[PDB]
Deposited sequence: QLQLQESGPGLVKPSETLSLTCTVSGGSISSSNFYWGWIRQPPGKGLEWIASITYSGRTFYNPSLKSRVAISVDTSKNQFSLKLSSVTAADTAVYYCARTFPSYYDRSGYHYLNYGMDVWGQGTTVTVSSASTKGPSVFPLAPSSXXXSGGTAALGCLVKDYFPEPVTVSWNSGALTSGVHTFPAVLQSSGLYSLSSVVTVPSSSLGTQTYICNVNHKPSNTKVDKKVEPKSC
């Protein structure tokens, strides 16, 4: 029940400094056995280790990133945090803050430390691009004639960068919800649509609201979806 949570900027502009922070929940960051570090995965490529730190201050870096990485601990706010400076366009990735297995001295005193990740985080998507953020344009996708159980939605037009998250009825509605991937358009921007297959018989009783949270523009939109007049 130690849980790791990433809080991140979404956009870092090119050859600036990525400002990342991992919020730790269910343990102490001042815990000497545990190393705490970051793993990235650029999209469609594989995983990669970046750095790790404990609150000895002892730090091991990837030496192909050691010129550009500083990783730092803030114990009063329970967090550890990553600076990645001098960013190329191929530093676009999903960054995973992570705890290691606990560091031990074995039979013969050989100190195994910082060696594989244990609790993973949720990720936050870091996008390196030159142009700036656009918040989405949320439109309801109303039902009509349904195939015995009706289906309704939220088109989330035109945003940069990913992710929007979309819940439904503020988290009440789980069953029938299937949120799709987002297209990469002709114009740099993204569009997804979230669907929920509802009951056919509830559309003048029951109140259906999608909840598009684009955190890279502070957009929540809690858009209501009601039917049509054919």
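Gaps between the deposited sequence and the modelled coordinates occur only at 146 to 148.
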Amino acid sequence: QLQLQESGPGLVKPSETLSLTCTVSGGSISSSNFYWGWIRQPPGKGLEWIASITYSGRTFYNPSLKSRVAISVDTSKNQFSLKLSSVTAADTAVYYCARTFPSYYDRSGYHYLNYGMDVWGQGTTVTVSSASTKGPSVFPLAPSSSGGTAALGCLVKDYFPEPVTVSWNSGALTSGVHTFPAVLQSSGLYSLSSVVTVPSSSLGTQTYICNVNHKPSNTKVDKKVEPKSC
From here on, numbers count along this sequence of modelled residues.
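37 to 45 and 24 to 32 differ in mean CA B-factor, and the higher of the two is recorded for 24 to 32.
Averaged over Cα atoms, the B-factor as recorded in the entry is higher for 121 to 129 than for the other of 121 to 129 and 154 to 162.
You'll see in the entry that, of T174, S194, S52, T197, the Cα B factor peaks at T174. Sort the chain's modelled residues by C-alpha temperature factor and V212 lands in the lowest third, per the entry. When the modelled residues of the chain are ordered by their C-alpha B factor, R99 lands in the lowest third. In the PDB entry, a CA B factor belonging to the highest third of its chain's modelled residues is recorded for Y110.
Among the modelled residues of the chain, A89 sits in the middle third by CA temperature factor in this PDB entry. When the CA B factors of the chain's modelled residues are split into thirds, the value for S56 lands in the highest one.
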